[PDB]
Amino acid sequence: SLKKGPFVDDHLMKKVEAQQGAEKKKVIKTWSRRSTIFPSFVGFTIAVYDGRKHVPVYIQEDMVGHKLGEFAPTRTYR
Amino acid sequence: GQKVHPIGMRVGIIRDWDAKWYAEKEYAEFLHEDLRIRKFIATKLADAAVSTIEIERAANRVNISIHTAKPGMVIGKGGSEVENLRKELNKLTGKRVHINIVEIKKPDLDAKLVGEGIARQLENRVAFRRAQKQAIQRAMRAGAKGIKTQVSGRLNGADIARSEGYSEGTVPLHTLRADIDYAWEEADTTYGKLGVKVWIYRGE
Amino acid sequence: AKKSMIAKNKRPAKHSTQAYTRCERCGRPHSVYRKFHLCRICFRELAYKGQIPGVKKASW
Amino acid sequence: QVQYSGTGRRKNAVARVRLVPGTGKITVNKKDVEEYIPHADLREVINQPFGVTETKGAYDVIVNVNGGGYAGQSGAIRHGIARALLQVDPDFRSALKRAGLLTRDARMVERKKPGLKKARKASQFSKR
Amino acid sequence: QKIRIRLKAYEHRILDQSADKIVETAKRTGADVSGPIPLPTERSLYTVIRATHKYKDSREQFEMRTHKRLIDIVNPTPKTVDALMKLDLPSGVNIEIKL
Amino acid sequence: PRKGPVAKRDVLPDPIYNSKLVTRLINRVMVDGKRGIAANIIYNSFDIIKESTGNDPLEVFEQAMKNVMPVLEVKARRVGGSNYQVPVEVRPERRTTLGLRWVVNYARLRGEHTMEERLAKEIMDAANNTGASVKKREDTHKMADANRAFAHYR
RNA sequence: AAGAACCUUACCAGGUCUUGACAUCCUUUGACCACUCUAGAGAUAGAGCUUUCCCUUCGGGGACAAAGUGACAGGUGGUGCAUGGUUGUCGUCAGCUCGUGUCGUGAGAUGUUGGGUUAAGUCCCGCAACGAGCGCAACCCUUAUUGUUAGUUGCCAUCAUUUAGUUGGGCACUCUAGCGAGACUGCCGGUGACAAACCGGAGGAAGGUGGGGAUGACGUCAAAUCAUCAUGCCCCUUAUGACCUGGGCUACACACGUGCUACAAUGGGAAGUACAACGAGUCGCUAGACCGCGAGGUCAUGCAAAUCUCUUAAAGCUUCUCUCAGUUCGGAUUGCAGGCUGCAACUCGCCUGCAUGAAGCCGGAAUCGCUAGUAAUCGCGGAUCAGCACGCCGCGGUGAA
Ligand SMILES: [Zn+2]
Numbered sequence: 004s005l006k007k008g009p010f011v012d013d014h015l016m017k018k019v020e021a022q023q024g025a026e027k028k029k030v031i032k033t034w035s036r037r038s039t040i041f042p043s044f045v046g047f048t049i050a051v052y053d054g055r056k057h058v059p060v061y062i063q064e065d066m067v068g069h070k071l072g073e074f075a076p077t078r079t080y081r
Numbered sequence: 002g003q004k005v006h007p008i009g010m011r012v013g014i015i016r017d018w019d020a021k022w023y024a025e026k027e028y029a030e031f032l033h034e035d036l037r038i039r040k041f042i043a044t045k046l047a048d049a050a051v052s053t054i055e056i057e058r059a060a061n062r063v064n065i066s067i068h069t070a071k072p073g074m075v076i077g078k079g080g081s082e083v084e085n086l087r088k089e090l091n092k093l094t095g096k097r098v099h100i101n102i103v104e105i106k107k108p109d110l111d112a113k114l115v116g117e118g119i120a121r122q123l124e125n126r127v128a129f130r131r132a133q134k135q136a137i138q139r140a141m142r143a144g145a146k147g148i149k150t151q152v153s154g155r156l157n158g159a160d161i162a163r164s165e166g167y168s169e170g171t172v173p174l175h176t177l178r179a180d181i182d183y184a185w186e187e188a189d190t191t192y193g194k195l196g197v198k199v200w201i202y203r204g205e
Numbered sequence: 002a003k004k005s006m007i008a009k010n011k012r013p014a015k016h017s018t019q020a021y022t023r024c025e026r027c028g029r030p031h032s033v034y035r036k037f038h039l040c041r042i043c044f045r046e047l048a049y050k051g052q053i054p055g056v057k058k059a060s061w
Numbered sequence: 003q004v005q006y007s008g009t010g011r012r013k014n015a016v017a018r019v020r021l022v023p024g025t026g027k028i029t030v031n032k033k034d035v036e037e038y039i040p041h042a043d044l045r046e047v048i049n050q051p052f053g054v055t056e057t058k059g060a061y062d063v064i065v066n067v068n069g070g071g072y073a074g075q076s077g078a079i080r081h082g083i084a085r086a087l088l089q090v091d092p093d094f095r096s097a098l099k100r101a102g103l104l105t106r107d108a109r110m111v112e113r114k115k116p117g118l119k120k121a122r123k124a125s126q127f128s129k130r
Numbered sequence: 004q005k006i007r008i009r010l011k012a013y014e015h016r017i018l019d020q021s022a023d024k025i026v027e028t029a030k031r032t033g034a035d036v037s038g039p040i041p042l043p044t045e046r047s048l049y050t051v052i053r054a055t056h057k058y059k060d061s062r063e064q065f066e067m068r069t070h071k072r073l074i075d076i077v078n079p080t081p082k083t084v085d086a087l088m089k090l091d092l093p094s095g096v097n098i099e100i101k102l
Numbered sequence: 002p003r004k005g006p007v008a009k010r011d012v013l014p015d016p017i018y019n020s021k022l023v024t025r026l027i028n029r030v031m032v033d034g035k036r037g038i039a040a041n042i043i044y045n046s047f048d049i050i051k052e053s054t055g056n057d058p059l060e061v062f063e064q065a066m067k068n069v070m071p072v073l074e075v076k077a078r079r080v081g082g083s084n085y086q087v088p089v090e091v092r093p094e095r096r097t098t099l100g101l102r103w104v105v106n107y108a109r110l111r112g113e114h115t116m117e118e119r120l121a122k123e124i125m126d127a128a129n130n131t132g133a134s135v136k137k138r139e140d141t142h143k144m145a146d147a148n149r150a151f152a153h154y155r
């Protein structure tokens, strides 16, 4: 709902700037709950620290319509 | 709890607000300003028996007026302690500040003075019964029409609490034309906290 | 933990959406009027004292 | 000519009526009874002061009235008409007052109460 | 006529007697004054429960009746302007002259 | 209630027909305080009465409210530990009230999508003494005096 | 809890402190800063001008840093059965007491009991009681009519008008708000112990406490609140205190209390077409004009308010379509595309459009509210809010057994 530009977290943007032309690091120990995906992100693996532990997961090219907070749920109903 | 402040019942009917103001768009500043001016007075109220502080508003001159039963003990030496009050006071406000000393008379019929005096005597191992009796007898003999007094807390340094008091003179309360005074005071000896309440009536 | 959280308002916030309002003489974060900077009941207690200018009891 | 004024009040409304001899007409806010006011059939209601006082007319009406809803301000027209008919001839007062229809309804909307849901409606309360 | 004054305060007898003093100075030191026009007395409301922790079924409501006063003076002299901008007392009423 | 009797809430007749009974017919049908719709359907129902086989519709109303309106009633009482009943009298006010009550009961579900020929043919056929409401009155008279036996000694 | 992205929010997963985040005192004091960058999930470590005496009497005093130092600071950690304070309920029920006289060997009683009436210990008759006080009632506020005083930002009766009360004029009306009058069983008839009292009649705007509020005695329930505050005692006080990031606290196999919209034709859809009152406002309400089906966007206008704006009120009324169906009823759930606010609205915000179109045709045993402008229905306003309402408070329209 921000058609004046979609939003990325800036230190995560700092690390993706550090690692696009360089090689890639799977360890990204932060939240990234304020960072969407658009197709210039595919290939990185993110260990989303959901405030409890961190959840390593990579990026798909159809994992592109949305942000970076789906894959570490904080409910755990079982 | 089902009873109401008569000072709340009679404000704006037969008595007035203290901070006689009008304040459009600058109200909270003067509100907490005046509340802090109210808070500083604990140096006086320790031993000088001030009762009320009527607070006025000039152009930009700060105007209060205190009421105590000792005129000489607040003016000090020649007018040297009142100057000390102005000096410590103008640091707090930062405005043209002026204080008035209006000597209130007849301390034998108020509520805050007599009640705070007997709240002082409750600390000094005094029989509270005769304290109530001597207070109501000295209040009646200065001209009155009724006194009610009641004390609550851990009385006599003991078990489960009480709430009682003795009262003389036919005081009306549920009417309006009252001009009566209410005051609440705290006093601890060593066991928690004890409180007193006090009532008068002086015509209409 | 009130006395640190009294000072929590006395600093500037990290950004705009945290400047919450509370009472001044007490520190209740709830039910404080923004006009008088007093809470629910400290307003009520000072209202009976006849010390706030203006306010009376309302009946009609 | 001589104008016949009339005031009108009912149910949080206000009606100023100006009355004049003529053919029997009604103009409310420069409009007829069926123009400014819809379908409502208040012929006996509005012209019932013409029931016994100059039956059934015929005088003409200019009136400027606002406030409230539609029927409540129409109830204000009785005051202007019957009051003005009193102003013309005092001798019709008894025949009106035996049927009444002159005194103001002193009644309007009830003050609420806090705690209750309405002015007298209490909440549904389970026994326990 | 190039002078008009408003008095917005609380106690209406302080209000209208101070209005009477400035109308006194007006019709003494000039001419052609209008009346003391009143104004529709705006009123707010407040509402606080009668408890501390529970018991929502009993409250208490307070209010703020602010009376307002309005006075216009027609064709004055600058001498009564000197009287009006310098006379100040009482205190609980708004003191502000306008065009 | 408990101290004794009470007032009666006097009413005023119509703008046209000048009848308190039709006024009561208006104030029974009025749902949620909307008097415009009830007035429209009642005057148009009298217009439908006046078209087909009707001359004085107040009088066909009065015939209908002769032959639906009762003369007796039952009342489910109790005396000393059991639930009984008794054939009871009726005031003329409650007599008209129960007549209007039964009519507006069967004026609900005739089956016509007209909101008023159910009403019109209701009071027509009640003046013709047909439909279920006149038979409802006759069943009320039927269930009366069969319970005369176990209620004449109380 | 009158507002629950983060904060609030004490519960946790990490990463961090020890005279401390906040107070007072001694010594050096001391005019203390800010900004930029390097790096963190940040809070913070470091480098760059670095904070700079307001009376100088030849002696210092103020803004606070920062440091030594301990006095210490601090705790939403426990005890409503240790408490002050404040509050629910009996319940606006109508009782509760004292002086003098008298009776009783005394505790004590009488009064305050009997007959009538009221909302009432309200009032009458009677009786060894005669009176008084706290209560009830009244004195206060709002509303029902009218007079005076003051006529603009209000109104337009007597004149000209347009986009108009506009412009000139007027204060006639209406309205605004200070003071007044008016209603007290005051009078007629009947009933009653003639008394209290009940009903009918008059005038009157209002007749029988006009309508409505505010006002809650003696006391009961060791009722509720150490989490607003204060507060004895107990315990922590290199940690139960302190700092920050990220998450909850509506996760749900289910049961309960309160509320909203339906299950249609007294209605649904399409078009045209009238009338409120309370309030709210400068970093806010937006006039007018333009763009988009839209939510909204732009240019830009009046206003610290009887002037300007929210703000044409909804239900109304007059036509046209639908013709009793799981249906033009219903709009739950879901996809897509959008707006709005903050730093982003995927956990967890509000709204718009398009696409689907459920359960659901008045509900068992039981159960709730209500006595007249009320019940039922329909809109509107704001406290506090950045945004966030079926909740709460308040106003008004229609209006019944
Ligand atoms: Zn407070």
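Chains as they are written, first to last, in the deposited numbering: chain s, 4 to 81; chain c, 2 to 205; chain n, 2 to 61; chain i, 3 to 130; chain j, 4 to 102; chain g, 2 to 155. From the three backbone atoms N, C-alpha and C, an ideal C-beta is built for every residue, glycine too.
Using DSSP with H/G/I as helix, E/B as strand and the rest coil, what is residue i?
| i | result |
| --- | --- |
| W185/c | strand |
| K58/n | strand |
| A124/i | coil |
| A8/g | coil |
| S17/n | coil |
| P2/g | coil |
| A20/c | strand |
| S52/c | strand |
| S153/c | strand |
| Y52/s | strand |
| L44/i | coil |
| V111/i | coil |
| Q64/j | strand |
Could you give the distance in angstroms between the alpha-carbon of residue i and the alpha-carbon of residue j?
| i | j | result |
| --- | --- | --- |
| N68/i | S7/i | 17 Å |
| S76/i | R12/i | 9 Å |
| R16/c | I17/j | 14 Å |
| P13/n | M6/n | 13 Å |
| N68/g | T141/g | 12 Å |
| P93/g | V90/i | 44 Å |
| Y34/n | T50/j | 11 Å |
| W22/c | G28/n | 26 Å |
| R95/g | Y85/g | 22 Å |
| residue 110/j | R87/c | Outside the modelled stretch of chain j, which goes from 4 to 102, sits residue 110/j, for which no answer is possible. |
| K136/g | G34/g | 32 Å |
Would you decide whether residue i is buried or exposed? Buried here means 16 or more other CB atoms lie within 10 Å of its CB.
| i | result |
| --- | --- |
| residue 1/c | Absent from the model: residue 1/c. The displayed extent of chain c is 2 to 205, so no value can be given. |
| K33/i | exposed |
| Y21/n | exposed |
| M110/i | exposed |
| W185/c | exposed |
| residue 1/g | Since the displayed chain g opens at 2 and closes at 155, residue 1/g lies outside it and no answer follows. |
- In the stretch 10–27 of chain c, which residues sit with their C-beta less than 9 Å from some C-beta in chain n, listed in chain order? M10, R11, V12, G13, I14, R16, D17, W18, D19, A20, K21, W22, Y23 and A24
- Task: For the stretch 52–86 of chain c, enumerate the residues whose C-beta is nearer than 9 Å to any C-beta of chain j, in chain order.
- Result: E57, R58, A59, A60 and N64
- Message: Counting only Cβ-Cβ distances shorter than 9 Å, please list the residues of the stretch 33–59 of chain n near chain j, keeping chain order.
- Response: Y34, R41, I42, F44, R45, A48, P54, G55, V56, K57, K58 and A59
- Task: Could you list the residues in the stretch 59–79 of chain j with a C-beta less than 9 Å from some C-beta on chain n, going in chain order?
- Result: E63, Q64, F65, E66, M67, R68 and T69
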